[PDB]
Structure formats: structure tokens, C-alpha cells
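Chemist: From the sequence below, what's the structure:
(2 chains)
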Amino acid sequence: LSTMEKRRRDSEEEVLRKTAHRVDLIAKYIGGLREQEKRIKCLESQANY
Amino acid sequence: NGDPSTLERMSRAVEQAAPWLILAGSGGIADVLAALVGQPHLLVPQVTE
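Modeler: Numbers count the residues shown, from 1 in each chain, chains lettered A, B, ... in the order given. Below you will find the coordinate block:
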């Protein structure tokens, strides 16, 4: 049973699924951070002179 | 990248309620207007200078 499980957990499509999930999480996180970054940047740049 | 005079012309267009579109990297007037309208300041004659 353990061997069957190991072979399954290393199945190609399963790797793609896991990668897709992690990429989605990284995308949401990085998108939030980036959205905050430009908002801060505009306020910091407005005080130019 | 119109002439400075075009600015006055564009003024005349604003009251006419005509949708305007500008290009960032086209040239001087366009690129500057991109930032100018970005941040509304009552008096910035030195900044505009």
C-alpha cells in the first residue's frame, strides 16, 4: 500500500496540480503586495518637491 | 506630443464632453500631462515650469 501511495504521489499530473495550487497562492499573495506597493508609491511620489 | 497651444484646444474640448485619450511615451506634452493630471494641485506653476 505504501508503494502504491508513493507512486501515486509522484504521478506527473499530481505534480502539476500541486504546482498550480502553489502558483495560485503565490499569485494572490504577490498581487496583494504589488497592489499595496503602487498605492504607497503614488503617495510617496506626490510629495515630490 | 502636441504643441503647447493644443493644450488650450484640449481645454475647449473638455467642456464639449468628448472622450480623450493620451499616450504615455508618445512625446513631451503627452508624457507630462500623464503626470500632471495624475496629482491634482491647486497651484503648481513652478512644478509645471
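Chemist: Of all the residues in chain B, which one is nearest chain A?
Modeler: Chain B approaches chain A most closely through residue B:39 (4.9 Å), counting by CB to the nearest CB. No exception for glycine: its C-beta is placed from N, CA and C like everyone else's.
Chemist: if I pick that residue, what's in contact with it?
Modeler: residue A:46 (CB atoms under 8 Å, 6 or more residues apart in numbering or on different chains).
Chemist: State the helix or strand in which it lies.
Modeler: Counting by DSSP states H and E, no helix or strand carries residue B:39.
Chemist: Quick check: residues of chain A near chain B?
Modeler: Within reach of chain B by CB under 8 Å from any CB of the partner chain, chain A has these residues: A:42, A:46, A:48-49.
Chemist: can you list the residues you listed in TSV and add neighbour count?
Modeler: Below are the residues of chain A next to chain B laid out as TSV (neighbours: other CB atoms under 10 Å in any protein chain shown):
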residue	neighbour count
A:42	11
A:46	12
A:48	9
A:49	7
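Chemist: now those as JSON lines including secondary structure?
Modeler: Supplementary listing: those in JSON lines, determined by DSSP: H, G, I helix; E, B strand; the rest coil:
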{"residue": "A:42", "secondary structure": "helix"}
{"residue": "A:46", "secondary structure": "helix"}
{"residue": "A:48", "secondary structure": "coil"}
{"residue": "A:49", "secondary structure": "coil"}
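Chemist: Of those, just say which sits nearest to residue B:19.
Modeler: residue A:42 (23.8 Å; CB to CB).
Chemist: Give me the most central residue, the chain.
Modeler: In the absence of a named chain, chain A is used. Central residue of chain A (CA atoms, centre = their mean): residue A:26, 1.0 Å from the mean position.
Chemist: Oops, wrong one, chain B.
Modeler: residue B:33 (3.8 Å).
Chemist: residues touching that one, list them.
Modeler: residue B:22.
Chemist: Remind me which helix or strand it belongs to.
Modeler: Counting by DSSP H and E, residue B:33 is part of helix B:28-36.
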